[PDB]
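Please treat every number below as a calculation from the coordinates, not as lab data. Here the Cβ is made from the backbone with ideal geometry for all residues, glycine too, and neighbour counts use every protein chain on show.
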Amino acid sequence: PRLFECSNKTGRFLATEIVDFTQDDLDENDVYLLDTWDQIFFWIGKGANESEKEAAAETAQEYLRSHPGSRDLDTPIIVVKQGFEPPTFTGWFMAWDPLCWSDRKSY
């Protein structure tokens, strides 16, 4: 439910948590972490450094430890690339998306 913007300034990576916000505050290219019930959605843009995605990935696991379940952490994460916004992920937000009918258009 809560995001996590972690990016490096110049040569050092910085980890910062971001309260459940909307896409409006969603920076252009940054490393965010959206932990949902089914699984955590890892959104990685094009600008996001290779290290940021790595550090921000492990830093998030720390929070997951607070969640229930036993080996729920073993579950794999759905990697996301820059330029793809599925109507499923958006549902994880508090503000519904009009693109939720992307499937209704078909059988």
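Of the residues that sit in region 37-60 and are out of contact with any strand residue (DSSP E or B) (no Cβ under 8 Å at 6 or more places or on another chain) and part of a helix (DSSP H, G or I), which one is surrounded by the fewest Cβ atoms within 10 Å (Cβ to Cβ)? Break it down stepwise before answering.
Residues of region 37-60 out of contact with any strand residue (DSSP E or B) (no Cβ under 8 Å at 6 or more places or on another chain): 37-38, 46-47, 50, 54, 58.
From what's left, part of a helix (DSSP H, G or I): 50, 54, 58.
Working: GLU50: 7, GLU54: 13, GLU58: 9.
That would be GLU50.
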### Query
Out of curiosity, is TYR63 surrounded by 14 or more Cβ atoms within 10 Å (Cβ to Cβ), of a type outside the set (D, E, K, R) and either over 13 Å from the mean Cα position of the chain (by Cα) or in a loop (DSSP other than H, G, I, E, B) (or both)?
yes
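Does region 60-76 contain at least one residue that is of a type in the set (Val, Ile, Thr) and under 20 Å from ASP27 (Cβ atoms)? Give the derivation first.
Taking region 60-76 and keeping what is of a type in the set (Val, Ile, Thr), we get 75.
Narrowing the set further to residues that are under 20 Å from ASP27 (Cβ atoms) leaves none.
No, there is no match, as no residue in region 60-76 is of a type in the set (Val, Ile, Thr) and under 20 Å from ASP27 (Cβ atoms).
Looking for something among the aromatic types (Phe, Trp, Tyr), surrounded by fewer than 14 Cβ atoms within 10 Å (Cβ to Cβ) and either without any contact (Cβ under 8 Å) to a residue 40 or more places away in the chain or part of a loop (DSSP other than H, G, I, E, B) (or both) - is there at least one such residue anywhere in region 2-22?
Step one: of region 2-22, the residues among the aromatic types (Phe, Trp, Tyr) are 4, 13, 21.
Of the ones still in play, those that are also surrounded by fewer than 14 Cβ atoms within 10 Å (Cβ to Cβ) are none.
No - not one qualifying residue is present in region 2-22.
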Inside region 88-107, the number of residues satisfying the requirement of being farther than 18 Å from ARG2 by Cα and not in a loop (DSSP other than H, G, I, E, B) is 5
Among the residues in region 66-80, are any within 20 Å of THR16 (Cα to Cα), more than 12 Å from the chain's Cα centre (by Cα) and surrounded by fewer than 13 Cβ atoms within 10 Å (Cβ to Cβ)?
yes
